[PDB]
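The chain that follows stands alone, in the form deposited in one PDB entry, written as structure tokens.
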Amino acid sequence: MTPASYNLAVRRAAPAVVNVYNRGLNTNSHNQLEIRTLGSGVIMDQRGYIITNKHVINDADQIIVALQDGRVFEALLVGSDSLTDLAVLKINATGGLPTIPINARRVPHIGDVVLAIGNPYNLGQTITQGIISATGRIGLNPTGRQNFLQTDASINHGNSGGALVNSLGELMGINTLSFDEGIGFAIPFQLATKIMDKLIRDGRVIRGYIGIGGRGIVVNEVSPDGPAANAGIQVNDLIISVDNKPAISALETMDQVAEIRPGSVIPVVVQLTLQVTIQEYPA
């Protein structure tokens, strides 16, 4: 017979999970480059773009990336995002690079078997398995850990920034050491992809803000003094059209707003059409 195994997922995806090293110049008294932090990362494509955790590369003076095939490269930071604890690096790829399998049409399901791939510097590349416990949201509106992907695969320091893949080796998400026990989190791959593209284009993730709450949609708390204030909007009414389409849920409405570029003026129903200019999510 054939022993049950997830080796196919490993062979397919593991070569694209790298070791990421944050090194500093003022870490020791002799001003010699020294490791301050370690982590994992995922090569996204052949141009040399790698996704890792922001907390892994914070304040580094030199970022080194090491691959399983032995190659070592210095990486450049292209940008980071505190809300997702994601950062994007850029290595100068010569001779081709291994890249993570991705299936943009695949829809992750609660209960899908998942493998967490991390290259802890304390024990070599490691793999652990669990399942997807909650799928998380892929929109740009920040809502906290409860909306990241959750899994019971062991996620720890030698995993963080590494990959979460299904049994086919396809990228399900980017492992991230906690947020907000026995449960780990990851940024859904669909959001991790959107964030990387935004970080390459602009050097930061620009989100659309409107300062409103609720749960038609009832404006529960909308007095952040943001845009919703400097326009037609009371602290106790019900909005209808987010812009030109129904405002079912608050969550599924803050995502539309997040994608709206700052400076844009849109029509917020409530039926006195009061226009508002979207701002850039607070620092």
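For every residue, the number given is its place in the sequence shown, counted from 1. So that the term is clear: the rigid core is the largest set of C-alpha atoms that superpose within 1.5 Å between two forms.
> From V270 on to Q271, does the model leave out none, 1 to 3, 4 to 9, or 10 or more residues of the deposited sequence?
Unmodelled stretch: 4 to 9 residues.
> Using none, 1 to 3, 4 to 9 or 10 or more, say how many deposited residues go missing between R47 and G48.
In the record, the chain runs straight from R47 to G48 with none unmodelled.
> Taking the recorded C-alpha temperature factors, which stretch has the higher mean, 233-241 or 49-57?
It is 233-241.
> Out of 154-162 and 202-210, which stretch has the higher average CA B-factor listed in the record?
The stretch with the larger average C-alpha B-factor is 202-210.
> Whose C-alpha has the highest temperature factor in the PDB entry: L25, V20, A13, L274?
Reading the PDB entry, the winner on C-alpha B-factor is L274.
> Based on the PDB record, which member of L251, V65, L38, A258 exhibits the highest Cα temperature factor?
Comparing C-alpha B-factors across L251, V65, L38, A258, the top value belongs to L251.
> By its CA B factor, does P108 count among the lowest, middle or highest third of the modelled residues in the chain?
According to the entry, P108 has a C-alpha B-factor in the chain's middle third.
> Where does the C-alpha B-factor of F185 rank in its chain, lowest, middle or highest third?
CA B-factor rank for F185: middle third.
> Taking the C-alpha B-factors as the PDB entry records them, is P101 in the lowest, middle or highest third of its chain?
Answer is lowest: the recorded C-alpha B-factor places it there.
> If you rank the chain by CA B-factor, which third does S178 end up in: lowest, middle or highest?
CA B-factor rank for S178: highest third.
> Compared with the other modelled residues in the chain, in which third is the CA B-factor of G139?
Middle third by C-alpha B-factor.
If you look for the form deposited with a partner chain bound, you will not find it shown, but the lines that follow are about it.
> Since the chain is shown here on its own, which stretch among 92-100, 201-209, 187-195, 73-81 would lie within 4.5 Å of the partner chain in the deposited complex, judged by heavy atoms?
That would be stretch 201-209.
> Decide whether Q46 counts as a contact residue for the partner chain in the deposited complex under a heavy atom distance cut-off of 4.5 Å.
It does not: once the partner chain is placed as it appears in the deposited complex, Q46 has no heavy atom within 4.5 Å of it.
> Report yes if any heavy atom of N220 sits within 4.5 Å of a heavy atom of the partner chain in the deposited complex; otherwise report no.
Although the partner chain is absent here, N220 would touch it in the deposited complex, with heavy atoms inside 4.5 Å.
> Please tell me whether any heavy atom belonging to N53 falls inside 4.5 Å of a heavy atom of the partner chain, as the geometry stands in the deposited complex.
Contact with the partner chain, no.
> Any of the heavy atoms of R215 lying within 4.5 Å of the partner chain in the deposited complex?
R215: yes, in contact with the partner chain in the deposited complex.
> Can you work out which of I233, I57, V257, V65 has a heavy atom no more than 4.5 Å from the partner chain in the deposited complex?
Comparing distances to the partner chain in the deposited complex, the residue within 4.5 Å is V257.
> In a superposition on the rigid core, which residue from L83, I138, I102, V78 has a CA displacement reaching 2 Å or more between this form and the one not shown?
Everything else stays below 2 Å; the exception is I138.
> After superposing the rigid core, is the C-alpha displacement of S223 2 Å or more between this form and the one not shown?
Moves: yes, 2 Å or greater.
> Is there a C-alpha shift of 2 Å or more at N26 between this form and the one not shown once the rigid core is superposed?
No, the C-alpha moves less than 2 Å.
> Taking the rigid core as reference, does the Cα of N147 move 2 Å or more between this form and the one not shown?
Moves: yes, 2 Å or greater.
> Did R137 and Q150 drift closer or farther in the deposited complex, going by a CA distance change of 3 angstroms or more?
Pair moves closer in the deposited complex.
> Have a look at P142 and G169: in the deposited complex, are their Cα atoms closer together or farther apart than in this form, given the change is 3 Å or more?
Relative to this form, farther apart in the deposited complex.
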